[PDB]
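[1] My sequence and its experimental structure, below.
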Amino acid sequence: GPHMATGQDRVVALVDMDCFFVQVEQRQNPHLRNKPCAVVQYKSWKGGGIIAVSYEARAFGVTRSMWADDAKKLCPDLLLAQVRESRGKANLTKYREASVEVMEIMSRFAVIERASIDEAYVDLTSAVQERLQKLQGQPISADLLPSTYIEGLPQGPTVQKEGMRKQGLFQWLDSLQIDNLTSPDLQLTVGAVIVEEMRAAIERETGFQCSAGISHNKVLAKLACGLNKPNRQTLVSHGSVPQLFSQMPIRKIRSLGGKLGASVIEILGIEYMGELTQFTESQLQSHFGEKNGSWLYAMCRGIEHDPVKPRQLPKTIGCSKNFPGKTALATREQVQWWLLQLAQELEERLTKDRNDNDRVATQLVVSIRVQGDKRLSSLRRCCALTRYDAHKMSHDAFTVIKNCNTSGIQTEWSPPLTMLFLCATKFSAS
DNA sequence: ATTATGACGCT
DNA sequence: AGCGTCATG
Ligand SMILES: [Mg+2]
Ligand SMILES: [Mg+2]
Ligand SMILES: [Mg+2]
């Protein structure tokens, strides 16, 4: 009762750019705006692989991981933008730079954790305290929340989507106790006001729209963000969790979309995240381990403690290329030429990183895949990264992987390589 | 023949 | 250290 902590101590947002690479290309080329359009990598094989899709194109069933030729079957007027190619490979610099634009705006409002190229967690607890002290018991106007959904509302005693949104927001705001500076629901609401401001700033200053979730922890904020896309934000209160989770497939919660989630479903004979509440913490630990079990026990009650890490920059800088089927690398000359191309992109990005961010990577990780192995990586070997020099990096990479050549001949490479990956890691300030 | 990343856990 | 899992622009 009075001692059961409810995980309502923080205000956490998750901001996710809508169809991010598409928006980057639509900003650059206005002919693509407000059209079904997608971004593809490469072009020769089945038209290129789609990696981002505008919401107009999603209405036709176009999805990521679809070949552009197949997408064109669903969407004959689909417009396509291609990722830049440099040194024979896809080069994502434009999108990384656009991401930095967005991350720097977000960082004006609060500490952020860069969770991916297009999404960041925001710890708003402090900012909310500040804004609450400035409001001085002033109620919160619905006008301050023009794109906010309150998950679970309206309920009880309305034909159009915006009307529903406003009905729910009105129910929520009329129930609020703005006299209480420590009300978690009030804190979430002020958090949503700040996120409206953040999203307005991002769109004003970059052109890019985003969606966002506001809740008490990262998992709920991420879940919330997905509920109303695009260009909307969703507040998931602690009180909304039982109904929300009662029909939520386990695979929708971040980290449960893979093998672990499938085992939770199969071992416990459940489907929805709310069904987890009927197990003791010890039961969950016995099936899924101490860490997972404790996490599941709290998470199915809406409680999670994982902090928003203060980290706006990537921890690693990597370059990767697949060589599928017939294009696999079967000669030493091939392997060395591509190691060099990857190393040259890596050197460029590393030198820029050192200039922008006052750090140097100290470890080079070399990963390969060989023909036949169904794993992402067949082999991972690290070595010292002591100078930002592509020729040295490519030579060292060849050094750590050359023993994998089964071929008795010096010039041939067997089994041929279907993937090369160079990753710079272990940064130190400089 | 989706690809190209990136974070983090396990042992 | 090297491997595996999860996410998925
Ligand atoms: Mg996104
Ligand atoms: Mg994202
Ligand atoms: Mg996505």
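    Looks like it arrived, so ask away. Residues are numbered from 1 along each chain as shown, chains lettered A, B, ... in the order given. Ligands and ions are numbered 1, 2, ... in the order given.
[2] Would you mind listing what in the stretch 301-430 of chain A touches DNA strand B?
    A:309, A:311, A:314-322, A:324-327, A:345, A:376, A:419, A:421, A:423 (CB under 7 Å from any atom of the strand). C-beta here means a position set from N, CA and C on the backbone, and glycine is covered the same way.
[3] Can I have the buried ones of these as a PyMOL selection?
    Buried residues within those, by 16 or more other CB atoms under 10 Å, are selected in PyMOL with:
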select buried, chain A and resi 317+318+319+321+345+419+421+423
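[4] Can you tell me which of the residues of the stretch 301-430 of chain A next to DNA strand B end up in strands?
    Judged by DSSP state E, strands contain the following of these: A:317-322, A:419, A:421, A:423.
[5] residues making contact with stretch A:370-380?
    Stretch A:370-380 is contacted by residues A:328, A:365-369, A:401, A:404, A:415-419, A:421 when judged by CB atoms under 8 Å, 6 or more residues apart in numbering.
[6] Phi first, then psi, for the spatially most central residue of chain A.
    Nearest residue to the geometric centre of chain A (CA atoms, centre = their mean): residue A:116, 4.1 Å. Per-residue torsions, residue A:116: phi -160, psi -180 (degrees, to the nearest 10).
[7] List the beta-bridge partners for it.
    Using DSSP bridges, the bridge partners assigned to residue A:116 are residue A:119.
[8] for the stretch 101-250 of chain A, what spans make up the strands?
    Counting by DSSP state E, counting those that start in this stretch, the stretch 101-250 of chain A has strands at residues A:112-116, A:119-123, A:148-150, A:210-215, A:233-235.
[9] give me the number of residues near residue A:29?
    Around residue A:29 there are 12 other residues, counting by other CB atoms under 10 Å.
[10] now swap in the one 3 residues further on and tell me
    Neighbour count of residue A:32, defined by other CB under 10 Å: 20.
[11] wait, isn't it in contact with residue A:78?
    No - applying CB atoms under 8 Å as the test, residue A:32 and residue A:78 come out as separate, 10.7 Å apart.
[12] Let me know the helix or strand that residue A:342 is in.
    Using DSSP states H and E, residue A:342 maps to helix A:332-357.
[13] Please compute how far the helix or strand just after that helix lies from its chain's middle.
    Scanning forward in sequence from helix A:332-357 by DSSP H and E, the next helix or strand is strand A:359-370. Mean-position distance between strand A:359-370 and its chain equals 22 Å (CA atoms, centre = their mean, to the nearest Å).
[14] now swap in stretch A:30-50 and tell me
    Offset of stretch A:30-50 from its chain centre (CA atoms, centre = their mean): 21 Å.
[15] Keeping just the C-alphas, turn it into PDB.
    Presented in PDB, the C-alpha positions along stretch A:30-50 are these (Å, rounded to 0.1, in the frame of the first residue of the first chain):
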ATOM      1  CA  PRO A  30      10.200  19.900 -52.500                       C
ATOM      2  CA  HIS A  31       8.800  17.800 -55.400                       C
ATOM      3  CA  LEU A  32       8.700  14.900 -53.000                       C
ATOM      4  CA  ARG A  33       6.700  16.600 -50.300                       C
ATOM      5  CA  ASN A  34       3.200  15.300 -49.400                       C
ATOM      6  CA  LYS A  35       3.600  12.500 -51.900                       C
ATOM      7  CA  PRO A  36       3.900   8.700 -51.500                       C
ATOM      8  CA  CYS A  37       7.700   8.300 -51.400                       C
ATOM      9  CA  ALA A  38      10.400   6.100 -50.100                       C
ATOM     10  CA  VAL A  39      14.100   6.000 -49.700                       C
ATOM     11  CA  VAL A  40      16.100   3.100 -51.200                       C
ATOM     12  CA  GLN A  41      19.600   1.800 -51.000                       C
ATOM     13  CA  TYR A  42      21.200   0.700 -54.400                       C
ATOM     14  CA  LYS A  43      19.100   0.200 -57.500                       C
ATOM     15  CA  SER A  44      20.200  -2.700 -59.700                       C
ATOM     16  CA  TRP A  45      18.800  -5.600 -57.700                       C
ATOM     17  CA  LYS A  46      15.000  -5.400 -57.800                       C
ATOM     18  CA  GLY A  47      15.100  -1.600 -57.800                       C
ATOM     19  CA  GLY A  48      16.900  -1.100 -54.500                       C
ATOM     20  CA  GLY A  49      15.900  -2.000 -50.900                       C
ATOM     21  CA  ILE A  50      13.400   0.400 -49.300                       C
END
